[PDB]
$ cat upload.cif   # mmCIF, C-alpha atoms
data_work
loop_
_atom_site.label_atom_id
_atom_site.label_comp_id
_atom_site.auth_asym_id
_atom_site.auth_seq_id
_atom_site.Cartn_x
_atom_site.Cartn_y
_atom_site.Cartn_z
CA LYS A 37 71.56 105.30 85.27
CA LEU A 38 74.82 107.10 86.09
CA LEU A 39 76.77 103.90 85.48
CA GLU A 40 75.63 103.83 81.88
CA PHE A 41 76.45 107.52 81.63
CA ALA A 42 79.93 106.81 83.18
CA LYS A 43 80.53 104.08 80.56
CA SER A 44 79.28 106.11 77.62
CA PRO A 45 81.86 107.02 74.91
CA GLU A 46 81.54 110.69 75.71
CA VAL A 47 82.58 110.18 79.39
CA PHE A 48 84.72 107.00 79.17
CA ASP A 49 86.80 108.03 76.20
CA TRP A 50 87.38 111.43 77.77
CA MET A 51 88.48 109.80 81.08
CA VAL A 52 90.86 107.50 79.23
CA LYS A 53 92.59 110.36 77.47
CA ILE A 54 92.96 112.31 80.70
CA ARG A 55 94.31 109.23 82.53
CA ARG A 56 96.83 108.58 79.78
CA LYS A 57 98.00 112.17 79.64
CA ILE A 58 98.73 112.03 83.37
CA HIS A 59 100.32 108.61 83.04
CA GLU A 60 102.79 109.88 80.34
CA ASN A 61 103.80 112.76 82.57
CA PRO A 62 104.13 111.53 86.14
CA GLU A 63 104.99 114.21 88.70
CA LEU A 64 106.16 113.80 92.27
CA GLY A 65 104.81 115.34 95.47
CA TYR A 66 104.43 119.13 95.39
CA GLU A 67 105.75 119.11 91.79
CA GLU A 68 102.41 118.16 90.13
CA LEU A 69 102.38 121.33 87.97
CA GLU A 70 101.02 119.85 84.75
CA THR A 71 98.66 117.50 86.52
CA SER A 72 97.27 120.48 88.52
CA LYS A 73 96.90 122.57 85.28
CA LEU A 74 95.02 119.70 83.59
CA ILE A 75 92.63 119.23 86.50
CA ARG A 76 91.91 122.96 86.60
CA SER A 77 91.36 123.02 82.75
CA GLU A 78 88.87 120.25 82.98
CA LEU A 79 86.99 121.79 85.88
CA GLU A 80 86.79 125.02 83.83
CA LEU A 81 85.46 123.06 80.84
CA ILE A 82 82.82 121.19 82.86
CA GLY A 83 82.55 123.88 84.75
CA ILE A 84 83.09 123.98 88.31
CA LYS A 85 84.41 126.77 90.38
CA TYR A 86 87.52 125.94 92.36
CA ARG A 87 90.05 127.13 94.92
CA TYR A 88 93.70 127.04 93.90
CA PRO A 89 96.43 126.75 95.15
CA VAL A 90 95.86 124.56 98.15
CA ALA A 91 99.11 122.97 99.35
CA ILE A 92 101.02 124.34 96.36
CA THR A 93 99.51 122.27 93.58
CA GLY A 94 96.22 121.20 95.07
CA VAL A 95 92.81 122.10 93.85
CA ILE A 96 89.37 122.10 95.48
CA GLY A 97 86.24 122.19 93.24
CA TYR A 98 82.60 122.72 94.07
CA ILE A 99 79.39 121.38 92.63
CA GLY A 100 75.86 121.99 93.79
CA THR A 101 74.07 124.75 95.73
CA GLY A 102 77.20 126.45 96.97
CA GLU A 103 75.74 126.08 100.49
CA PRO A 104 75.93 123.37 103.22
CA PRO A 105 75.82 120.41 103.66
CA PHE A 106 79.26 119.98 102.15
CA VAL A 107 80.42 116.44 101.32
CA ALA A 108 83.94 115.83 99.99
CA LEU A 109 85.41 113.41 97.43
CA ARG A 110 89.17 112.99 97.35
CA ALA A 111 91.83 111.94 94.79
CA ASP A 112 95.60 112.08 95.09
CA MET A 113 97.84 113.41 92.30
CA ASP A 114 101.44 112.32 92.79
CA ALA A 115 103.53 109.62 91.11
CA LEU A 116 106.56 107.69 92.37
CA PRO A 117 110.28 107.79 91.43
CA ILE A 118 110.10 104.31 89.79
CA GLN A 119 111.12 103.51 86.17
CA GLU A 120 108.07 102.10 84.36
CA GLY A 121 108.60 98.54 83.05
CA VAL A 122 105.35 98.33 81.09
CA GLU A 123 105.97 98.68 77.33
CA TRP A 124 102.98 100.39 75.79
CA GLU A 125 101.87 103.43 73.89
CA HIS A 126 101.23 105.55 77.00
CA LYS A 127 104.25 104.62 79.12
CA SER A 128 105.77 107.43 81.20
CA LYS A 129 107.77 109.80 78.98
CA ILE A 130 109.65 110.86 82.12
CA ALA A 131 112.46 108.44 82.89
CA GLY A 132 112.58 107.24 86.48
CA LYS A 133 109.04 108.30 87.33
CA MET A 134 105.83 106.35 87.14
CA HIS A 135 102.22 106.29 88.29
CA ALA A 136 102.68 102.90 89.96
CA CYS A 137 99.87 103.41 92.56
CA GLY A 138 96.90 104.32 90.35
CA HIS A 139 96.90 108.06 91.26
CA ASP A 140 96.50 109.04 87.59
CA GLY A 141 93.38 106.79 87.70
CA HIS A 142 92.21 108.45 90.98
CA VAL A 143 92.37 111.99 89.48
CA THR A 144 90.53 110.70 86.40
CA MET A 145 87.74 109.00 88.19
CA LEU A 146 87.16 112.10 90.33
CA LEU A 147 86.97 114.27 87.15
CA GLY A 148 84.51 111.65 85.80
CA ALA A 149 82.44 111.93 88.91
CA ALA A 150 82.58 115.79 88.56
CA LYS A 151 81.25 115.55 84.98
CA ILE A 152 78.44 113.25 86.16
CA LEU A 153 77.54 115.33 89.23
CA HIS A 154 77.60 118.54 87.16
CA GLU A 155 74.97 117.09 84.81
CA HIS A 156 72.77 116.68 87.90
CA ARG A 157 73.95 119.76 89.80
CA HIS A 158 70.58 121.45 90.27
CA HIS A 159 69.26 118.33 92.12
CA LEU A 160 72.08 118.14 94.69
CA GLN A 161 70.85 118.95 98.16
CA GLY A 162 74.05 120.70 99.18
CA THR A 163 77.54 120.99 97.72
CA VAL A 164 80.12 118.32 96.66
CA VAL A 165 83.66 119.42 97.40
CA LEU A 166 86.26 117.80 95.04
CA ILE A 167 89.59 117.57 96.70
CA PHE A 168 92.56 117.03 94.39
CA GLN A 169 95.38 116.35 96.84
CA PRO A 170 99.12 116.62 96.27
CA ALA A 171 101.94 114.68 97.78
CA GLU A 172 100.27 111.61 99.18
CA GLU A 173 103.42 109.48 98.89
CA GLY A 174 105.44 111.47 101.35
CA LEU A 175 102.46 111.46 103.69
CA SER A 176 102.39 115.26 104.09
CA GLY A 177 99.81 116.35 101.50
CA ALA A 178 96.50 115.66 103.23
CA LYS A 179 97.90 117.19 106.43
CA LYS A 180 98.94 120.32 104.51
CA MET A 181 95.54 120.69 102.87
CA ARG A 182 93.93 120.25 106.31
CA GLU A 183 96.25 122.99 107.68
CA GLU A 184 95.03 125.28 104.88
CA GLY A 185 91.39 124.69 105.78
CA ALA A 186 90.29 122.09 103.22
CA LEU A 187 87.93 120.44 105.70
CA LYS A 188 86.27 123.56 107.13
CA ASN A 189 82.48 122.95 107.36
CA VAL A 190 82.86 119.60 105.56
CA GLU A 191 80.70 116.90 107.12
CA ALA A 192 82.07 113.73 105.42
CA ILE A 193 84.83 112.74 103.04
CA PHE A 194 85.11 109.70 100.69
CA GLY A 195 88.20 108.39 98.92
CA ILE A 196 88.75 105.50 96.52
CA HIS A 197 91.97 103.58 95.95
CA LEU A 198 92.51 101.28 92.95
CA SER A 199 93.70 97.83 94.05
CA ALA A 200 95.27 94.78 92.50
CA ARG A 201 94.23 92.86 95.62
CA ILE A 202 90.52 92.97 94.93
CA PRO A 203 88.78 91.47 91.87
CA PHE A 204 87.86 93.72 88.98
CA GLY A 205 84.72 95.76 89.52
CA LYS A 206 84.27 94.94 93.25
CA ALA A 207 84.54 97.62 95.91
CA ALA A 208 85.91 96.76 99.33
CA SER A 209 85.62 98.42 102.70
CA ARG A 210 85.11 97.77 106.38
CA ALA A 211 83.89 99.85 109.39
CA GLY A 212 86.36 101.17 111.87
CA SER A 213 90.09 100.85 111.77
CA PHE A 214 91.22 99.92 108.26
CA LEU A 215 94.78 100.98 107.56
CA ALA A 216 97.39 100.92 110.20
CA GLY A 217 98.83 104.05 111.83
CA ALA A 218 102.56 104.78 111.62
CA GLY A 219 104.96 106.61 113.88
CA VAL A 220 108.69 107.09 114.17
CA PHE A 221 110.82 107.43 117.30
CA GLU A 222 114.37 108.43 118.11
CA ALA A 223 116.19 107.74 121.35
CA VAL A 224 119.63 108.89 122.57
CA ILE A 225 121.31 106.60 125.10
CA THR A 226 124.12 107.98 127.37
CA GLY A 227 125.95 106.62 130.44
CA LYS A 228 125.11 108.22 133.80
CA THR A 238 131.82 102.86 129.84
CA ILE A 239 130.40 99.91 127.81
CA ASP A 240 127.03 100.47 129.43
CA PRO A 241 125.46 102.48 126.55
CA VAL A 242 126.40 99.76 124.01
CA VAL A 243 125.04 97.08 126.38
CA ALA A 244 121.92 99.11 127.04
CA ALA A 245 121.37 99.64 123.29
CA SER A 246 121.65 95.97 122.25
CA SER A 247 119.24 95.16 125.10
CA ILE A 248 116.82 97.89 123.97
CA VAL A 249 117.00 96.69 120.37
CA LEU A 250 116.08 93.17 121.41
CA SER A 251 113.38 94.25 123.86
CA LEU A 252 111.78 96.46 121.14
CA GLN A 253 111.93 93.63 118.58
CA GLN A 254 109.91 91.66 121.13
CA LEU A 255 106.96 94.09 120.76
CA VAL A 256 106.28 92.77 117.24
CA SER A 257 103.12 90.84 117.75
CA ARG A 258 100.91 88.83 115.37
CA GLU A 259 97.91 86.86 116.64
CA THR A 260 94.70 85.59 115.14
CA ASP A 261 92.90 88.96 114.72
CA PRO A 262 94.62 91.11 112.07
CA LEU A 263 93.69 94.30 113.96
CA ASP A 264 95.91 93.18 116.84
CA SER A 265 99.09 93.27 114.74
CA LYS A 266 101.80 95.52 116.10
CA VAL A 267 105.13 96.27 114.41
CA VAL A 268 108.16 97.92 115.93
CA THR A 269 111.28 98.17 113.74
CA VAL A 270 114.74 99.51 114.58
CA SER A 271 116.15 100.97 111.41
CA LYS A 272 118.93 103.14 112.87
CA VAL A 273 121.64 102.56 115.44
CA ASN A 274 124.86 104.64 115.51
CA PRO A 283 131.15 105.12 122.20
CA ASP A 284 129.87 107.88 124.45
CA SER A 285 126.25 107.94 123.25
CA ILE A 286 124.06 105.77 121.03
CA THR A 287 121.14 107.03 118.95
CA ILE A 288 118.42 104.49 118.13
CA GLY A 289 115.65 105.21 115.61
CA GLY A 290 112.88 103.29 114.06
CA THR A 291 109.23 102.96 113.29
CA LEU A 292 106.07 101.62 114.83
CA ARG A 293 102.67 100.53 113.39
CA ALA A 294 99.38 99.50 114.88
CA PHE A 295 95.73 99.41 113.85
CA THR A 296 94.52 99.82 117.42
CA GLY A 297 96.16 100.89 120.71
CA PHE A 298 98.45 103.08 118.61
CA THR A 299 99.10 105.54 121.50
CA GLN A 300 99.64 102.69 123.91
CA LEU A 301 102.26 101.18 121.61
CA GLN A 302 104.14 104.51 121.44
CA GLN A 303 104.07 104.66 125.22
CA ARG A 304 105.27 101.06 125.45
CA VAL A 305 108.21 101.77 123.10
CA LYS A 306 109.20 104.76 125.27
CA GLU A 307 108.76 102.76 128.47
CA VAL A 308 111.01 99.92 127.15
CA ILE A 309 113.77 102.34 126.12
CA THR A 310 113.50 104.25 129.39
CA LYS A 311 113.47 101.25 131.75
CA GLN A 312 116.15 99.38 129.88
CA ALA A 313 118.43 102.44 129.85
CA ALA A 314 117.90 102.96 133.61
CA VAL A 315 118.80 99.39 134.58
CA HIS A 316 121.96 99.66 132.53
CA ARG A 317 122.91 102.85 134.43
CA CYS A 318 122.27 105.00 131.39
CA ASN A 319 120.13 107.98 130.58
CA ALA A 320 117.69 107.94 127.69
CA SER A 321 116.06 110.78 125.81
CA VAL A 322 113.09 109.47 123.76
CA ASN A 323 111.45 111.50 121.03
CA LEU A 324 108.12 110.17 119.57
CA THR A 325 107.85 113.08 117.14
CA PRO A 326 111.45 113.40 115.97
CA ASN A 327 112.20 116.47 113.83
CA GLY A 328 108.48 117.26 113.72
CA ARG A 329 107.66 113.79 112.23
CA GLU A 330 104.21 113.49 113.84
CA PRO A 331 102.54 110.13 113.84
CA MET A 332 99.93 109.30 111.30
CA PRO A 333 96.95 107.77 113.00
CA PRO A 334 95.22 104.63 111.80
CA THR A 335 92.73 105.19 108.93
CA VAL A 336 89.29 104.80 110.46
CA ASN A 337 86.19 104.35 108.31
CA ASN A 338 83.19 105.94 109.91
CA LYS A 339 80.55 103.25 110.50
CA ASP A 340 77.59 105.28 109.21
CA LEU A 341 79.48 106.18 106.03
CA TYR A 342 80.42 102.49 105.56
CA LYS A 343 76.81 101.41 105.83
CA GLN A 344 75.81 104.04 103.24
CA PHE A 345 78.66 102.97 100.96
CA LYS A 346 77.70 99.25 101.01
CA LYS A 347 74.16 100.19 99.98
CA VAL A 348 75.36 102.55 97.30
CA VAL A 349 77.69 99.91 95.87
CA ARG A 350 75.15 97.10 95.99
CA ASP A 351 72.40 99.30 94.36
CA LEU A 352 74.80 100.42 91.69
CA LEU A 353 76.68 97.18 90.92
CA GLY A 354 74.75 94.27 92.46
CA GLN A 355 74.72 92.34 95.70
CA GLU A 356 78.05 90.54 95.05
CA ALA A 357 79.97 93.74 94.14
CA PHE A 358 80.69 94.73 97.78
CA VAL A 359 83.42 92.82 99.55
CA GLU A 360 84.46 93.19 103.20
CA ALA A 361 88.02 94.38 103.28
CA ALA A 362 90.67 93.01 105.70
CA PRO A 363 92.82 95.44 107.63
CA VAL A 364 95.94 96.59 105.68
CA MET A 365 99.30 97.60 107.07
CA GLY A 366 99.82 100.15 104.30
CA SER A 367 100.65 103.84 104.07
CA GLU A 368 97.83 106.29 103.28
CA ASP A 369 97.56 109.92 104.35
CA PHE A 370 93.80 109.94 103.91
CA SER A 371 93.99 109.08 107.69
CA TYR A 372 94.62 112.77 108.37
CA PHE A 373 91.26 113.75 106.82
CA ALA A 374 89.43 110.84 108.51
CA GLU A 375 90.80 111.79 111.98
CA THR A 376 89.21 115.26 111.70
CA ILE A 377 85.84 114.52 109.99
CA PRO A 378 83.87 111.37 109.24
CA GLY A 379 85.91 109.61 106.58
CA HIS A 380 85.44 106.64 104.29
CA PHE A 381 88.21 105.03 102.32
CA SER A 382 87.51 102.13 99.95
CA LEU A 383 89.35 99.88 97.50
CA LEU A 384 88.24 99.49 93.92
CA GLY A 385 89.33 96.24 92.41
CA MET A 386 91.16 95.70 89.12
CA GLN A 387 92.52 92.15 89.49
CA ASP A 388 91.74 89.49 86.86
CA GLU A 389 91.18 85.74 87.36
CA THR A 390 94.88 84.79 87.01
CA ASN A 391 96.55 87.52 89.07
CA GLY A 392 98.04 89.33 86.03
CA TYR A 393 97.81 92.87 87.44
CA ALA A 394 100.98 93.79 89.28
CA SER A 395 100.92 95.04 92.82
CA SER A 396 100.92 98.72 93.67
CA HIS A 397 104.43 100.11 93.60
CA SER A 398 105.50 97.58 90.97
CA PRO A 399 107.25 98.80 87.79
CA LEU A 400 104.71 96.52 86.00
CA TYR A 401 101.64 98.16 87.60
CA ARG A 402 98.76 98.67 85.17
CA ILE A 403 95.33 100.13 85.52
CA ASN A 404 92.53 98.13 83.90
CA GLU A 405 90.98 101.17 82.23
CA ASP A 406 87.55 99.50 82.14
CA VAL A 407 87.40 100.18 85.91
CA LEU A 408 87.39 103.94 85.47
CA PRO A 409 83.60 104.27 84.89
CA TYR A 410 82.93 102.20 88.07
CA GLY A 411 84.89 104.63 90.28
CA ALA A 412 83.33 107.69 88.62
CA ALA A 413 79.83 106.23 89.24
CA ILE A 414 80.61 105.16 92.79
CA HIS A 415 81.95 108.65 93.68
CA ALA A 416 78.93 110.34 92.08
CA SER A 417 76.36 108.00 93.59
CA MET A 418 77.91 108.20 97.07
CA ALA A 419 77.80 112.02 97.00
CA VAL A 420 74.19 112.08 95.83
CA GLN A 421 73.01 109.52 98.34
CA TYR A 422 74.88 111.12 101.21
CA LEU A 423 73.16 114.50 100.51
CA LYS A 424 69.80 112.81 99.96
CA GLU A 425 70.06 110.88 103.21
CA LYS A 426 71.17 114.01 105.05
CA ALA A 427 68.03 115.77 103.76
CA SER A 428 65.65 112.97 104.82
#

$ encode --input "upload.cif" --output "structure tokens"
Amino acid sequence: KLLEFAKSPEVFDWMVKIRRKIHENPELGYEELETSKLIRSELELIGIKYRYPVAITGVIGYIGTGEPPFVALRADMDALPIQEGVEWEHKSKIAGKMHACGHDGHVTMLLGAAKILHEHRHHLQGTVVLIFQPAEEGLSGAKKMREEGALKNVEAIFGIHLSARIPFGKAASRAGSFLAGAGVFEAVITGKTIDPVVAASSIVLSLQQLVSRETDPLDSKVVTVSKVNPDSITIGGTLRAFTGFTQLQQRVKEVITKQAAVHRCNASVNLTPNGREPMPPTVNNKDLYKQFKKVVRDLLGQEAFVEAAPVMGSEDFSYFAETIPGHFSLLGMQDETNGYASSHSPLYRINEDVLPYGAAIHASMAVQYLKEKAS
């Protein structure tokens, strides 16, 4: 029944106005002042006790008994420094900033889920923790909330991401590794006279050789050299893998090291340069995935769940999912003729008719998780 509640004028109209208010006033990482104030106003109106501030602008709400088991639902708050190209009534009023990744929709659907869960709060066998996360785009926000104790005593966390790659109203996931990890590296190459330059060009080519694509998408490995700048040469770049992420880091370091040595050079390799720690692959807990497929099929029909392919994208939800059982899913918006622009596009649109689906999926997943836990 919560789908029909999610679609009702009361809830749907309210979600649309919230979404559009955020959309008109996009804020970047750690600067989500107005977005944070709106979330907190709505929690108060529902109402729902919360902790604030968490990671400057972040907010954590609670619904249910107030006691364990705690299950978390997550939305991200931040926009991107992109000029909106969509001409419409609720276009960004802030030039050069836009919600081009659906994050306005994510906050809204989580507030929708909070409204829905609150109506059933006395039946929840535990507590739903609503995590409104700042600064996803710079990949530091989830990590900062984790540092500040956002996951303490939390047994599971679920996140939804709106997608133009999945058809409207379908939800997509897969068990295990889902989104690729990402790391950076910096190496300094020094002679033990042309040897450092020779060593560097050799290193650059040997590293470019570690890019591997095969027939299983999870095997894909990317190593990029983005920086090279003669007494010493500094090489920097990035690496990505769905699996064997640590082994790829070690292989990058081994290549730099061995190549420098055979060119009579020293090499200093840093795999966390300037405190840039790697972000691990986003792994969907198998038990949570199984629960999610059943939730989605019960709520929206057998055909509504689609198995997602691995994605080489950037999503800091990985930091939550590395520390507790995590589940990250895609919620489709795409129409039959591919009219919805990709994430990050200046032409990105949310199909607002999706908002009730995400609200219901969030709510249902929380309820079922707690129910199953009790059984």

$ atom_distance --input "upload.cif" --atom1 "CA of residue 331 in chain A" --atom2 "CA of residue 418 in chain A"
29.9 Å

$ closest_atom_pairs --input "upload.cif" --of "range 164-255 of chain A" --to "range 269-293 of chain A" --cutoff "6 Å" --atoms "only C-alpha atoms" --output "JSON lines"
{"residue": "A:217", "atom": "CA", "partner": "A:293", "partner_atom": "CA", "distance": 5.4}
{"residue": "A:218", "atom": "CA", "partner": "A:293", "partner_atom": "CA", "distance": 4.6}
{"residue": "A:219", "atom": "CA", "partner": "A:292", "partner_atom": "CA", "distance": 5.2}
{"residue": "A:220", "atom": "CA", "partner": "A:291", "partner_atom": "CA", "distance": 4.3}
{"residue": "A:221", "atom": "CA", "partner": "A:289", "partner_atom": "CA", "distance": 5.6}
{"residue": "A:222", "atom": "CA", "partner": "A:289", "partner_atom": "CA", "distance": 4.3}
{"residue": "A:223", "atom": "CA", "partner": "A:288", "partner_atom": "CA", "distance": 5.1}
{"residue": "A:224", "atom": "CA", "partner": "A:287", "partner_atom": "CA", "distance": 4.3}
{"residue": "A:225", "atom": "CA", "partner": "A:286", "partner_atom": "CA", "distance": 5.0}
{"residue": "A:226", "atom": "CA", "partner": "A:285", "partner_atom": "CA", "distance": 4.6}

$ atom_distance --input "upload.cif" --atom1 "CA of residue 425 in chain A" --atom2 "CA of residue 41 in chain A"
22.8 Å

$ closest_residue --input "upload.cif" --among "A:200, A:58, A:131, A:91" --to "residue 119 in chain A" --atoms "all atoms listed in the file"
A:131

$ resolve_selection --input "upload.cif" --expression "the PyMOL selection byres ((chain A and resi 413) around 9)" --output "ChimeraX atom specification"
/A:38-43,145,148-149,152,352,408-412,414-418

$ closest_residue --input "upload.cif" --among "A:179, A:210, A:258, A:87" --to "residue 333 in chain A" --atoms "only C-alpha atoms"
A:179

$ resolve_selection --input "upload.cif" --expression "the PyMOL selection byres ((chain A and resi 142) around 9)" --output "list in words"
residues 55, 110, 111, 112, 113, 138, 139, 140, 141, 143, 144, 145, 146, 147, 195, 196, 197, 198, 408 and 411 of chain A

$ write_last_selection --input "upload.cif" --atoms "C-alpha atoms" --output "compact mmCIF listing (two decimals), keeping the file's coordinate frame"
# COMPACT_ATOMS: atom_id res chain seq x y z
CA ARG A 55 94.31 109.23 82.53
CA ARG A 110 89.17 112.99 97.35
CA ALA A 111 91.83 111.94 94.79
CA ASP A 112 95.60 112.08 95.09
CA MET A 113 97.84 113.41 92.30
CA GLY A 138 96.90 104.32 90.35
CA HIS A 139 96.90 108.06 91.26
CA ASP A 140 96.50 109.04 87.59
CA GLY A 141 93.38 106.79 87.70
CA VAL A 143 92.37 111.99 89.48
CA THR A 144 90.53 110.70 86.40
CA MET A 145 87.74 109.00 88.19
CA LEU A 146 87.16 112.10 90.33
CA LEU A 147 86.97 114.27 87.15
CA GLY A 195 88.20 108.39 98.92
CA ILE A 196 88.75 105.50 96.52
CA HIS A 197 91.97 103.58 95.95
CA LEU A 198 92.51 101.28 92.95
CA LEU A 408 87.39 103.94 85.47
CA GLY A 411 84.89 104.63 90.28

$ resolve_selection --input "upload.cif" --expression "the PyMOL selection byres ((chain A and resi 421-424) around 8)" --output "list in words"
residues 105, 107, 160, 161, 162, 344, 348, 417, 418, 419, 420, 425, 426, 427 and 428 of chain A

$ write_last_selection --input "upload.cif" --atoms "C-alpha atoms" --output "PDB file, in the coordinates of the input"
ATOM      1  CA  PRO A 105      75.820 120.410 103.660  1.00  0.00           C
ATOM      2  CA  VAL A 107      80.420 116.440 101.320  1.00  0.00           C
ATOM      3  CA  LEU A 160      72.080 118.140  94.690  1.00  0.00           C
ATOM      4  CA  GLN A 161      70.850 118.950  98.160  1.00  0.00           C
ATOM      5  CA  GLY A 162      74.050 120.700  99.180  1.00  0.00           C
ATOM      6  CA  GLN A 344      75.810 104.040 103.240  1.00  0.00           C
ATOM      7  CA  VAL A 348      75.360 102.550  97.300  1.00  0.00           C
ATOM      8  CA  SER A 417      76.360 108.000  93.590  1.00  0.00           C
ATOM      9  CA  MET A 418      77.910 108.200  97.070  1.00  0.00           C
ATOM     10  CA  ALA A 419      77.800 112.020  97.000  1.00  0.00           C
ATOM     11  CA  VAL A 420      74.190 112.080  95.830  1.00  0.00           C
ATOM     12  CA  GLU A 425      70.060 110.880 103.210  1.00  0.00           C
ATOM     13  CA  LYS A 426      71.170 114.010 105.050  1.00  0.00           C
ATOM     14  CA  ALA A 427      68.030 115.770 103.760  1.00  0.00           C
ATOM     15  CA  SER A 428      65.650 112.970 104.820  1.00  0.00           C
TER      16      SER A 428
END

$ closest_residue --input "upload.cif" --among "A:127, A:312, A:202, A:101" --to "residue 59 in chain A" --atoms "all atoms listed in the file"
A:127

$ atom_distance --input "upload.cif" --atom1 "CA of residue 330 in chain A" --atom2 "CA of residue 372 in chain A"
11.1 Å

$ closest_residue --input "upload.cif" --among "A:298, A:203, A:74, A:308" --to "residue 251 in chain A" --atoms "all atoms listed in the file"
A:308

$ closest_residue --input "upload.cif" --among "A:214, A:194, A:88, A:48" --to "residue 296 in chain A" --atoms "only C-alpha atoms"
A:214

$ closest_residue --input "upload.cif" --among "A:363, A:326, A:378, A:45" --to "residue 264 in chain A" --atoms "all atoms listed in the file"
A:363

$ residues_near_point --input "upload.cif" --point "(102.1, 96.0, 78.9)" --cutoff "8 Å" --atoms "only C-alpha atoms" --output "number ranges by chain"
A: 122-124, 400, 402

$ residues_near_point --input "upload.cif" --point "(92.6, 99.8, 107.9)" --cutoff "6 Å" --atoms "only C-alpha atoms" --output "count of residues only"
7

$ residues_around --input "upload.cif" --residues "residue 70 in chain A" --least-positions-apart "6" --cutoff "12 Å" --atoms "all atoms listed in the file" --output "list in words"
residues 54, 57, 58, 59, 60, 61, 62, 63, 64, 76, 77, 93, 94, 113 and 114 of chain A

$ write_last_selection --input "upload.cif" --atoms "C-alpha atoms" --output "PDB file, keeping the file's coordinate frame"
ATOM      1  CA  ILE A  54      92.960 112.310  80.700  1.00  0.00           C
ATOM      2  CA  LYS A  57      98.000 112.170  79.640  1.00  0.00           C
ATOM      3  CA  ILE A  58      98.730 112.030  83.370  1.00  0.00           C
ATOM      4  CA  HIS A  59     100.320 108.610  83.040  1.00  0.00           C
ATOM      5  CA  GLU A  60     102.790 109.880  80.340  1.00  0.00           C
ATOM      6  CA  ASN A  61     103.800 112.760  82.570  1.00  0.00           C
ATOM      7  CA  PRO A  62     104.130 111.530  86.140  1.00  0.00           C
ATOM      8  CA  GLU A  63     104.990 114.210  88.700  1.00  0.00           C
ATOM      9  CA  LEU A  64     106.160 113.800  92.270  1.00  0.00           C
ATOM     10  CA  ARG A  76      91.910 122.960  86.600  1.00  0.00           C
ATOM     11  CA  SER A  77      91.360 123.020  82.750  1.00  0.00           C
ATOM     12  CA  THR A  93      99.510 122.270  93.580  1.00  0.00           C
ATOM     13  CA  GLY A  94      96.220 121.200  95.070  1.00  0.00           C
ATOM     14  CA  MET A 113      97.840 113.410  92.300  1.00  0.00           C
ATOM     15  CA  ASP A 114     101.440 112.320  92.790  1.00  0.00           C
TER      16      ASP A 114
END

$ build_atoms --input "upload.cif" --residues "range 356-365 of chain A" --atoms "N, CA, C and O atoms" --output "PDB file, in the frame of the given file"
ATOM      1  N   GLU A 356      76.707  91.143  94.947  1.00  0.00           N
ATOM      2  CA  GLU A 356      78.050  90.540  95.050  1.00  0.00           C
ATOM      3  C   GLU A 356      79.231  91.515  94.827  1.00  0.00           C
ATOM      4  O   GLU A 356      80.389  91.125  94.910  1.00  0.00           O
ATOM      5  N   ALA A 357      78.929  92.764  94.516  1.00  0.00           N
ATOM      6  CA  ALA A 357      79.970  93.740  94.140  1.00  0.00           C
ATOM      7  C   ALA A 357      80.692  94.327  95.376  1.00  0.00           C
ATOM      8  O   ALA A 357      81.776  94.889  95.241  1.00  0.00           O
ATOM      9  N   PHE A 358      80.076  94.230  96.561  1.00  0.00           N
ATOM     10  CA  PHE A 358      80.690  94.730  97.780  1.00  0.00           C
ATOM     11  C   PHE A 358      81.387  93.591  98.470  1.00  0.00           C
ATOM     12  O   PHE A 358      80.775  92.551  98.733  1.00  0.00           O
ATOM     13  N   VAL A 359      82.670  93.792  98.771  1.00  0.00           N
ATOM     14  CA  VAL A 359      83.420  92.820  99.550  1.00  0.00           C
ATOM     15  C   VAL A 359      83.972  93.462 100.845  1.00  0.00           C
ATOM     16  O   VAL A 359      84.428  94.608 100.857  1.00  0.00           O
ATOM     17  N   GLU A 360      83.907  92.721 101.930  1.00  0.00           N
ATOM     18  CA  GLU A 360      84.460  93.190 103.200  1.00  0.00           C
ATOM     19  C   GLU A 360      85.978  93.140 103.172  1.00  0.00           C
ATOM     20  O   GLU A 360      86.604  92.084 102.920  1.00  0.00           O
ATOM     21  N   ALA A 361      86.595  94.294 103.340  1.00  0.00           N
ATOM     22  CA  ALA A 361      88.020  94.380 103.280  1.00  0.00           C
ATOM     23  C   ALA A 361      88.658  93.965 104.633  1.00  0.00           C
ATOM     24  O   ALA A 361      88.091  94.223 105.715  1.00  0.00           O
ATOM     25  N   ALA A 362      89.818  93.292 104.542  1.00  0.00           N
ATOM     26  CA  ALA A 362      90.670  93.010 105.700  1.00  0.00           C
ATOM     27  C   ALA A 362      91.476  94.218 106.015  1.00  0.00           C
ATOM     28  O   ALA A 362      91.764  95.013 105.107  1.00  0.00           O
ATOM     29  N   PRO A 363      91.873  94.379 107.289  1.00  0.00           N
ATOM     30  CA  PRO A 363      92.820  95.440 107.630  1.00  0.00           C
ATOM     31  C   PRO A 363      94.115  95.337 106.803  1.00  0.00           C
ATOM     32  O   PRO A 363      94.549  94.209 106.491  1.00  0.00           O
ATOM     33  N   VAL A 364      94.694  96.487 106.452  1.00  0.00           N
ATOM     34  CA  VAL A 364      95.940  96.590 105.680  1.00  0.00           C
ATOM     35  C   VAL A 364      96.992  97.389 106.398  1.00  0.00           C
ATOM     36  O   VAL A 364      96.770  98.546 106.782  1.00  0.00           O
ATOM     37  N   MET A 365      98.179  96.825 106.548  1.00  0.00           N
ATOM     38  CA  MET A 365      99.300  97.600 107.070  1.00  0.00           C
ATOM     39  C   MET A 365     100.004  98.393 105.990  1.00  0.00           C
ATOM     40  O   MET A 365     101.141  98.111 105.656  1.00  0.00           O
TER      41      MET A 365
END
